[PDB]
Structure formats: C-alpha cells, structure tokens
DNA sequence: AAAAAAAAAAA
C-alpha cells in the first residue's frame, strides 16, 4: 500500500478496548498539531513519551497505521505575555507559577488550576497577574510531563506537591472572551512541565506577586485551611438556591455562598438528589474537621474590597489515609 | 446548542 513519511514528537500512548478489540493509539505532535495514529503492542511498549520520531504510515482498514519508526531527536518559553496576544487567542509557551489546584464545586470532571503569569500592558509594564486554567481529568492527566496521573488521587497529589512551583506551559491557548476575561486553556498538544527550581530563580519572586486575577472581574482566588467552625445552611430563595457558608480560617472569619443552578439536561429529581447529597456532605464537614479526621481547603472567589459576593470556587478534603476527596 | 464569570434578596 501507499506509505506516508512524517516526523513528530510523541505525547501520550493510550489503550482503548471497544467491542472486544484492543486499540493502541499514540498522540504525535506534527507541525504543532496533535494527530492520533494506531499501532501494535510492540509499538506501545518500545515507544517512549516526549520523544520525536520519524514514522512511516500505511493506510490500512480505513485507519492510518504505524509500520516503522526511527528514534530521532529534536524548547524556549516566553517569560511574559502581552494583552494583544490574549486578544488574538494565540498559542504560547509561558513560565508560570503554580498556586492552587482544585476540582470545580459540583462539577464531575472539570478542574481549575491557578497560575501567576506576567501580563504586559500596552504601557509596556509587566505585572504579575493571577490566571485560571480549566480542564478535564483526561487532559490534565496527559499534560503533566514526567508525572503519571492514573486516578484523581494522583492528580490531587501532583497538584499539592506542585504548589508554589514554576511551570513551563507548552502550547497553551490564551483565551479572551466577549467580556475582558482572559484565561488559559489546555489543548491536546499542550504540556505542563514542573521546573523543580530549588529556588534557583529567586530574584524574580518579586515579579510573581499578584493583585488582580485577569480571568475574573475585580475578584481573586484564595486558598483557606479550615481550622475552626465550619457551618453551611441551605437557602432556597424565590430565584436563587445557595449554600450559605461560614468558616474559621487561622486569620479571619469567612462568610461565603455556593450558588446552585439546574443544568438544562438535568431532571429535577436528579438535581434535587444531588443537591441534598451535597448538603448532607457539607453538614458533616465540621464534625470531621473537629475530630481531626479530615483537613479542608476552600478555594474562594473573594473580592479584596467588599466581602459580600464571595463564592466558594472549590473545596478539597485531605483525609487521614492520604486520599483526596474533592468535595 | 458558547462558555463562563457574576450573582445578598425582596420590598
């Protein structure tokens, strides 16, 4: 059959079993595009992650296949980013400081990661800003280079031991919505590499101090270790339906809300059951905190000026076994 | 069929 000659960097290898047949597929980075190819078990085992290859491909059974490969060999990340590079929705490689990582409250699959980057005004000044990057479990598992994320506990463990550490963000997409909200996005070929600096880059720590979160409007995200009197009531108002929450961080009493809205494709019975399970699990949280059975972190969308529209972005339970439960 | 921030409610 006809053969295709390509060259590209491997990103991940996956095994999917469907209708009692196993398929080994490799995600390769060719010309800054993620292309999925098929292969055999020898391909699955011999090929290594994050390495370029010279591949020959045969088009068999309506599927591009890998026949032979040659292990070849081959980056620079921008230390900043401009407003216009966010406006154009460009694709960049940044140097960011990881801050927090949590599972969006009430979301089954999506996670949110908080970074500190250097934005640049048209005035030509670089300010360390706080940015949010949402993703799913699959992309987040396949994005951390040199880290094997199998289940959710591994993802949270990587998140917690990557906290306040520097990351090269390869081929991330700089979103910009209709309103002036700028976020980060994780594409198929996007990768996240942890530097393990050992504070080798410390003179720049002054630059990585934030006062504005550019993915939100005059709000930031802050992480609190609940040490005291957690409390959560539920209030169904005429329109809204929110958990009114108070708790006690080592510094401040905090008041907050978790707003509940029914999804379009969500039956009222399923929504009501899910919300009552959320309420039951929140009303048991203070009992677990007091008895030293869990340690709770709350990631909070706080307004630095007026604390009257606080919202809990996420909650994470660290259990005494070491397991992480994303409340 | 965008999605995601912002939303004290209720007189």
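At q = 0.17 Å⁻¹, what log₁₀ I(q)/I(0) does the stretch A:1-129 have when each alpha carbon counts as one equal point scatterer in the Debye sum?
Evaluating at q = 0.17 Å⁻¹ gives log10 I(q)/I(0) of -0.99.
In a solvent-free Debye calculation with one equal scatterer on each Cα, what is log10 I(q)/I(0) for the stretch A:205-327 at q = 0.10, 0.14 Å⁻¹, listed in the order of the q values?
Taken in order of the listed q values, log10 I(q)/I(0) reads -0.36, -0.69.
Return the FRET efficiency for the residue pair residue A:78, residue A:23: r is the Cβ-Cβ distance, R0 is 45 Å, and the value is rounded to the nearest 0.05.
The value I calculate is 0.75.
Contour minus end-to-end for residue A:295 and residue A:229, with contour as 0.36 nm per residue of separation and end-to-end as the Cα-Cα distance?
Additional length available on full extension: 22.5 nm.
I need two numbers for the stretch A:3-70: Rg to one decimal and Dmax as a whole number, Cα atoms only, in Å.
11.4, 34
For each of A:23, A:105, count neighbouring Cβ atoms within 10 Å of the residue's Cβ, then give the residues from fewest to most.
Ascending Cβ contact count within 10 Å gives the list A:23, A:105.
Can you tell me what share of the DSSP beta bridges in the stretch A:81-217 is antiparallel? A percent to the nearest 5 is fine.
Rounded to the nearest five, the antiparallel share is 85 percent.
Taking a ≥ b ≥ c as the square roots of the Cα gyration tensor eigenvalues, with a/c under 1.5 meaning rounded and otherwise prolate when a/b beats b/c, else oblate, which class fits the stretch A:81-217?
oblate
Which order do A:24, A:38, A:247 fall in if you start with the one that has the fewest other Cβ atoms within 10 Å?
A:38, A:24, A:247
Kindly provide the helix-only [θ] at 222 nm of chain A, computed as the sum of -39,500 (n - 2.57) over DSSP H runs of four or more divided by all residues, to the nearest 500 deg cm²/dmol?
Rounded to the nearest 500, the figure is -4000 deg cm²/dmol.
Would you mind telling me the antiparallel percentage of the DSSP bridges in chain A, rounded to 5?
That works out to approximately 90 percent antiparallel.
Using 7 Å Cα-to-Cβ label points, what is the residue A:217/residue A:68 separation (nm, one decimal)?
Going from the residue A:217 label point to the residue A:68 one covers 6.1 nm.
Evaluate the Kirkwood expression for the hydrodynamic radius of chain A, namely the inverse of the mean inverse distance over all pairs of different C-alpha atoms, and round to one decimal in Å.
About 22.2 Å for chain A.
Please give the length that would be gained between residue A:122 and residue A:251 if that part of the chain were fully extended, namely 0.36 nm times their separation in residues minus their C-alpha to C-alpha distance (nm, one decimal).
42.7 nm
So what does log10 I(q)/I(0) come out to for the stretch A:113-177 at q = 0.20 Å⁻¹, using the Debye formula with one equal point on every Cα and no solvent?
So the normalised log intensities work out to -0.91.
Can you sort A:113, A:55, A:293 from fewest to most other Cβ atoms within 10 Å of each residue's own Cβ?
A:293, A:113, A:55
In whole angstrom, how far apart do the alpha carbon centroids of the stretch A:288-327 and the stretch A:40-86 sit?
If you average the Cα positions of each part, the centres end up 39 Å apart.
For residue A:303 and residue A:240 in the same chain, what is the full-extension length gain: residue separation times 0.36 nm, less their Cα-Cα distance, in nm?
Gain on extension, residue A:303 to residue A:240, equals 20.6 nm.
Because the Cβ atoms are built from the backbone with ideal geometry, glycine has one as well, and the counts that use them run over all protein chains shown. The numbers here are math on the coordinates, done by the rules we state, and not lab data.
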